[PDB]
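Trainee: Handing you this structure, nothing more for now.
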Amino acid sequence: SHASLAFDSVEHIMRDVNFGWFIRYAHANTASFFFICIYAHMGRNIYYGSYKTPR
Amino acid sequence: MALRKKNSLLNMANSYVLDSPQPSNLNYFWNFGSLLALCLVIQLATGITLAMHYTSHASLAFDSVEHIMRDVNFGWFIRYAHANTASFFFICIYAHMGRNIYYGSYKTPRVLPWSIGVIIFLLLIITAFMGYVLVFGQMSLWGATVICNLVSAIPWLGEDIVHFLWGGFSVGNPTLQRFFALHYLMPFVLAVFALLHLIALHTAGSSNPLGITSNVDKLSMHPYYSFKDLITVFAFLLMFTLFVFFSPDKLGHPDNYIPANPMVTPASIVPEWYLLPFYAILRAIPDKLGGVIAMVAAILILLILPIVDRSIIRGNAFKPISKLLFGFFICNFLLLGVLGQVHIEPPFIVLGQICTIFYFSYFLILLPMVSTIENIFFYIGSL
Amino acid sequence: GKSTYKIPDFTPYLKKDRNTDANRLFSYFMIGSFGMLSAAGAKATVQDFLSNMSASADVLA
Amino acid sequence: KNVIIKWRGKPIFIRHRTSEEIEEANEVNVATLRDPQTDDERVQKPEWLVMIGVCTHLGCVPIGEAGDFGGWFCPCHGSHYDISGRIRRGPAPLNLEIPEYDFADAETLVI
Amino acid sequence: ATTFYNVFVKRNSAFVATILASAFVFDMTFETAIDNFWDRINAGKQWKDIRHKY
Amino acid sequence: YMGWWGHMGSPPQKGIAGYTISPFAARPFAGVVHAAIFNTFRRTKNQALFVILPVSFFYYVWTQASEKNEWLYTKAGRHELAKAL
Amino acid sequence: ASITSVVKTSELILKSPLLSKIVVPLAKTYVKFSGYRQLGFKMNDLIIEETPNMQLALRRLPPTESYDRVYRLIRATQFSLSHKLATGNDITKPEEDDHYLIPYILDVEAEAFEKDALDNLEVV
Amino acid sequence: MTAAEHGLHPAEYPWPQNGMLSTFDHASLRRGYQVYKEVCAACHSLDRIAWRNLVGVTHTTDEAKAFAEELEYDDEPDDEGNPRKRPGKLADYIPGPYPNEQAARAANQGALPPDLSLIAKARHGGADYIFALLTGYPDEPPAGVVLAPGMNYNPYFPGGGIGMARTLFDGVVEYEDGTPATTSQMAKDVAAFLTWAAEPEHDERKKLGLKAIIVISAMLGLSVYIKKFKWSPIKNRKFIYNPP
Amino acid sequence: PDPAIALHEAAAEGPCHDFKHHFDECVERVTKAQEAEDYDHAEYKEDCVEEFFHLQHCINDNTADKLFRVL
Ligand code: HEC
Ligand code: HEM
Ligand code: HEM
Ligand SMILES: CCCCCCCCCCCCO[C@@H]1O[C@H](CO)[C@@H](O[C@H]2O[C@H](CO)[C@@H](O)[C@H](O)[C@H]2O)[C@H](O)[C@H]1O
Ligand SMILES: CCCCCCCCCCCCO[C@@H]1O[C@H](CO)[C@@H](O[C@H]2O[C@H](CO)[C@@H](O)[C@H](O)[C@H]2O)[C@H](O)[C@H]1O
Ligand code: FES
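Written out as structure tokens, the structure reads:
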């Protein structure tokens, strides 16, 4: 987490750690998918009135 | 219907902290539950704060802890609070387990909260061991070395598993960074298990010191145990204050203020005081693998208390012989602790073995015998 | 022993001036003092503890 | 004298053993040895005891010259190694590992 | 003394206001008082006691 | 095994009358002096053996062990130490 | 352990003259030191009741016995929380320490153990 | 273990800072810094202490800036990217006598003089151990001790043979405050200074502890009254049983 | 001059006299034993460390307070 090493530690994950590339990409991409799904979920809730009483 | 009972979320709170029906005669040893929750909260708050200042990289870890001590505002307090509360956590957890053993809290119908509790105890040990390594002083490194090499005892795969834990060929940077991540996580796992053992307990409700039903005479958790818990909270905080402010290093090892040096092995490597009894049990067995199994068995054997206690009566308040046996068991557990920190020299070698035998024979021989005999004495005695 | 209208003896515990405002006020003074020290102690704890997040001495240099 | 060279973070004990030290090591009947080996099997040169100086029990580095067999004593659980670096007493199962070392010159070894 | 109860204690809003105002007063005065006490028991020892030389 | 308020799972109760007084009506510290002295002495006396016996035994054991250990690592204890190893 | 086991073993001891001569005096002192009588309990009040068998036995108690048991538990719980002991009539005298529950639990268990046996019978 | 192998355990000396309500004597701290600077700094670093740490403890801002400005520290490279030195600032750490471990060991017949920033916390005994060790070189080693070459006999050091020679002798320092610089005086001062270096929060910590103890005691007393008050209905409960 | 020197000497002659004499007698024995030949080829070489520790421990108990009082 130290700023002198942070960026380099992420490169170390990409280049040196076994499957580091996958774990890093999975984490970064799933952050995007998380938002797609959360918008979808909120969209579903707005369209179908899940926000009304009793919910 | 009142809101606290109507609303699903409030009602869960209500069921545990407010209307929860408690026996009306719980004594002060029922207060360790809440102190352990307080320790858990202090450790989370101080630990998360330390995490904001600590650097897990081995080139910087020790120095980052010095930076917390010297440069961060109140860093000294947060660090000492975290380190001392680790000790208090174990005092309270042993007290709580002591209460549970003496009063037969492990018997039906509370085997499940007891058994989940034994897992909480293992997680506390692992959490505290990893946290100790994060300082990366001499005891940090050498403790990690010794303890992770116990896994080498696993036949065939042992060596491979150790290198897998370390992320390398020795304890080093990879190990320290992974211990950071796990030490951060483990307390959350621990909190989940703590909550599970409470949910499991809620079906039977708390035991009480008489070991009879309390269904006949209940008291709301609040205000009565709320205010009773405050007394021990302030007693705990007084003890916390005396350590943290006036003797912050009494419970620590000086060698942990020397940076980790893989070359020099410290004069004596002992674990933190609260692991010492298990360390003594490990030393007692000469075989590597034997020692590891014995050490683990010393914790897992708690799981059989529900079976080996044959008594028709719950707990020891009314059982003079069981009370004496319990006294000897507890004093032996403290002797084991002391033998964990002496040098491996005569005559402590033989003594350590005898104390280890006594430890296991309590569960396997004496408690089953004594509890059977007392059953008979109550029956014949009251004819 | 038998009659439930004969209230058991509470004289060892009953205060003679139990319905006076002085009487209630005393107990609330204790409750309130405890709340006052808890408030002052909480404020001190919070203030000192959160200060860890303000610039450390090496950063201020 | 016994040196400590770091190699893969692990310490390497290099002892320059005397004639009489070699003799003392060659004495013990191989029969009575958790890990039965003679010095000849361990060293490729009797004057250069090269070991991975990590205890075979749990992984402390034995304090050299100390012991009861006056070689190395692991302080952790009290396992005593010899002048061959063989285990004599204490929990340790094996003798102190020997790395792959070669004398490139007679005055320099590689590990 | 009824009057004191009625003003400061009867309403919880008032009682909490009184407790917090008292906590404020206590906090400020206790700080000052401990500072002075600590300086008296550690007299001639502290930097503020030797600073004048420099 | 335990219910909730209103159906706690007590066997039926009948015939017990319970009485108590308000916390504001009672002296919280009534008879505290008598309790702190006489009651604590009674409770302590009745439990003293169960603490004294194991404590005294294990302290004696430790004392003997620590004294022997100390003595074995003196000059005087050279021979006994050599035999013990 | 089951009450049945405790009762059977006790009967083996009381049968043997030798055994009873050495065990009866010990058991009487044990019970005196146990000190449950000082809280106004009868021995049987202490038996663990959170088992299906014991719940059944308690349900089979005559109403009077049942109401008095509840009182002794409540009274004892109040002594416990007060850290007081019973005095006078509240102390259980040895003559009042009757095994009111043992016959009921022995019958419950007898049927449950017969049921287990008969679930394992083999037509010959 | 033999007593020799453990080291003689140091006496408990009455330090000014021993005592729940006691600070360090800052005059002693200042004197001890001067001992560090004129004796120990030849071999021992104090890497965790910055010039700014001395300010308002032992020295004014001006004195500490003067000490910093007398040294040269590594600057950022110049515009042609050549290395440069600058004068020290208060944020700079007190620099060590050696560039690395190897140089340190070479200057001390193989022994490595430890950094002293934490030595007071890193040894059993703390101040007492430092004082005992510095003052505890006997004129002659006890008959029969075989010292390894380059070792000196000191009973307080575990094993007895320490690579550090006796260094404090009457009048090696001339204190600027006129205090007689005897071996014992200098050892006491430097031991106090190093204790401060190890725990610089010491004075503040103990003051906050005093506040905590007072308030926590009061809250404990009140919590007992309140508990008793709220529980009195339960404790005082009385029953009348009429069997039905 | 160093206050310790005087205090240590006083404590050796006074309250720690038994231990002083033990250390002295030890030294005499060991020096004599070292004087004799084939000492180097002996199994056990006696030291005086133990007696020294007893003496120093004693001196320190009787001096600690006094020394720090005069600094
Ligand atoms: C010219 C060399 C030299 C001087 C001057 C010197 N030291 Fe040392 N010191 C050493 C060496 C070398 C060691 C390492 C000894 C060893 O490990 O055998 C050492 C070790 C120490 C130790 C730790 C001993 C231990 O327990 O590991 C302390 C404390 C110490 N010195 C403090 C001081 C103080 C205080 C001063 C002067 C006021 C001082 N030193 C002056 C060379 C010196
Ligand atoms: C983080 C650690 C723990 C916390 C926070 C915790 C908390 C609690 C709390 C609040 C209670 C209810 C009140 C009480 O009896 O004190 C309780 C009961 C219990 N706990 Fe724990 N506990 C912890 C660890 C353990 C461990 C390690 C064990 C067992 C080995 C255990 C076994 C039990 C049992 C059996 C009960 C029921 C006891 C009874 O009321 O009779 N707990 N715990
Ligand atoms: C049950 C909860 C916890 C226990 C028992 C515990 C225990 C410990 C222990 C024993 C240490 C060694 C302390 C020392 O000597 O300095 C430590 C260090 C540490 N812990 Fe925890 N800890 C816990 C929770 C946490 C949590 C939730 C975090 C969140 C990250 C955390 C972060 C740290 C950090 C960063 C360190 C290293 C800094 C230091 O040593 O103070 N801890 N912990
Ligand atoms: C401890 C911190 C405070 C937060 C609460 C702890 C979190 C755990 C709560 C979730 C676990 C489920 O908790 C469960 O919930 C329900 C209702 O809430 C309780 O149910 C109980 O109370 C309600 C009314 O209060 C009744 O309808 C019911 O007869 C009774 O059994 C369970 O006895 C409890 O086991
Ligand atoms: C919802 C809560 C509201 C936001 C909370 C605000 C968080 C931080 C506020 C204050 C933090 C810094 O504020 C500062 O605190 C520290 C104590 O910690 C005080 O400092 C005082 O005590 C400390 C030790 O206790 C000494 O080192 C210092 O010399 C002294 O001045 C300052 O006098 C105050 O200015
Ligand atoms: S670690 Fe080497 S002896 Fe156990």
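Residue numbers (the numbering used here), protein chains in the order written: chain A, 4 to 58; chain B, 5 to 387; chain C, 594 to 654; chain D, 49 to 159; chain E, -13 to 40; chain F, 38 to 122; chain G, 559 to 682; chain H, 3 to 246; chain I, 576 to 646. Yeah, the Cβ is synthetic: ideal placement off N, Cα and C, and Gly gets one too.
(1) Is it the case that the CB of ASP651(C) approaches a heavy atom of ligand 5 more closely than 7 Å?
(2) Looking at the secondary structure, which residues open and close the alpha helix (DSSP H) in which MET166(H) lies?
(3) Cβ atoms of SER28(B) and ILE236(H): under 8 Å apart, would you say?
(4) Hey, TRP277(B) and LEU255(B): beta-carbon distance below 8 Å or not?
(5) Between which residues of its own chain and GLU71(H) is the CB-CB distance below 7 Å, once the five residues before and five after are set aside?
(6) Looking at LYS222(B): is its Cβ nearer than 8 Å to the Cβ of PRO25(B)?
(7) Can you name the residues of chain B whose CB is closer than 8 Å to the CB of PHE642(C)?
(8) Is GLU7(H) near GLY211(H), with beta carbons less than 8 Å apart?
(9) Over what stretch of residues does the beta strand (DSSP E) that includes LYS327(B) continue unbroken?
(10) Tell me which residue opens and which closes the beta strand (DSSP E) that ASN50(D) is part of.
(11) Within its chain, find whatever has a CB closer than 8 Å to the CB of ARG103(B); leave out the 5 residues flanking it on each side and keep chain order.
(12) DSSP three-state label for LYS240(H), please.
(13) Quick one: measure Cβ to Cβ for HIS11(H) and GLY127(H), integer angstroms, because I've assumed they're closer than 8 Å.
(14) Under 7 Å: does the beta carbon of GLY107(D) sit that close to some heavy atom of ligand 6?
(15) Rounded to a whole number of angstroms, what is the C-alpha to C-alpha distance between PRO246(H) and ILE649(G)?
(16) Identify the residues that DSSP records as bridge partners of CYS122(D): which are they?
(17) Please tell me whether, using a cut-off of 7 Å, the distance from the CB of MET16(B) to the nearest non-hydrogen atom of ligand 7 is below it.
(18) Looking at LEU339(B) and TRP99(F), is the spacing between their C-beta atoms short of 8 Å?
(19) List, in chain order, every chain B residue whose beta-carbon is nearer than 7 Å to that of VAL681(G).
(20) With 16 other CB atoms within 10 Å as the buried threshold, where does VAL564(G) fall?
(21) Would you identify the three-state DSSP class for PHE87(F), choosing helix, strand or coil?
(22) Listed from N- to C-terminal order along the chain, which residues in the segment 246 to 261 of chain B have their beta-carbon within a distance smaller than 9 Å of any beta-carbon of chain H?
(23) So who's on the other strand from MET14(E), going by DSSP bridges?
(24) Is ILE624(C) close to chain F? Criterion is C-beta to C-beta, closer than 8 Å.
(25) Run the Cβ filter for me: residues under 5 Å from any heavy atom of ligand 5, listed in the order they occur in the chain.
(26) Run through the DSSP bridge pairs and tell me what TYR75(H) is partnered with.
(27) Listing by chain order, which chain C residues have their CB less than 7 Å from the CB of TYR227(H)?
(28) May I ask which residues mark the beginning and end of the beta strand (DSSP E) holding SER640(G)?
(29) Using only alpha-carbon positions, find the residue among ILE377(B), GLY344(B) and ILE358(B) that is nearest to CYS124(D).
(30) Just grab the DSSP bridge partners of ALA63(F) for me.
(31) How about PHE231(H): is its C-beta nearer than 8 Å to some C-beta of chain C?
(32) Output the distance between the C-alpha atoms of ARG115(F) and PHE598(I), rounded to the nearest integer angstrom.
(33) If we count the other Cβ atoms within 10 Å of its Cβ and call it buried at 16 or more, is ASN28(E) buried or exposed?
(34) Are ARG595(G) and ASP655(G) closer than 8 Å when you measure CB to CB?
(35) Which class does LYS58(D) belong to by DSSP, given the choice of helix, strand or coil?
(36) Determine the burial state of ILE132(H): buried for a count of at least 16 other Cβ atoms within 10 Å of its Cβ, exposed for fewer.
Mentor: In short:
(1) no
(2) Where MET166(H) is concerned, there is no enclosing alpha helix (DSSP H), given that its DSSP letter is neither H nor E.
(3) yes
(4) yes
(5) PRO89 and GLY90
(6) yes
(7) Per Cβ cutoff of 8 Å: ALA49, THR53, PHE78, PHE81 and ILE82.
(8) no
(9) Looking at the DSSP string, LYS327(B) is not in any beta strand (DSSP E); the run it does join, the alpha helix (DSSP H), is 324 to 343.
(10) 50 to 55
(11) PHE33, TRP34, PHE36 and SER109
(12) strand
(13) 7 Å
(14) yes
(15) 21 Å
(16) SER127(D)
(17) This structure lacks ligand 7; its bound ligands are ligand 1, ligand 2, ligand 3, ligand 4, ligand 5 and ligand 6.
(18) One thing to note: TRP99(F) has its Cβ within 8 Å of the Cβ of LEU339(B).
(19) Those do not exist, as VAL681(G) stays about 34 Å from chain B at its closest Cβ, beyond 7 Å.
(20) buried
(21) helix
(22) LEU246, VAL248, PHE249, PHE250, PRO252, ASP253, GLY256, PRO258, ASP259, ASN260 and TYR261
(23) Its beta-bridge partners do not exist; DSSP assigns none.
(24) No, no contact with chain F.
(25) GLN640(C), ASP641(C), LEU643(C) and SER644(C)
(26) Bridge partners of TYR75(H): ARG88(H).
(27) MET623
(28) Here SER640(G) belongs to no beta strand (DSSP E); instead the alpha helix (DSSP H) covers 621 to 640.
(29) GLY344(B)
(30) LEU607(C)
(31) Answer yes: the Cβ-Cβ gap between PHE231(H) and chain C drops below 8 Å somewhere.
(32) 19 Å
(33) Buried is the call here.
(34) yes
(35) Annotated three-state conformation of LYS58(D) is strand, per DSSP.
(36) buried
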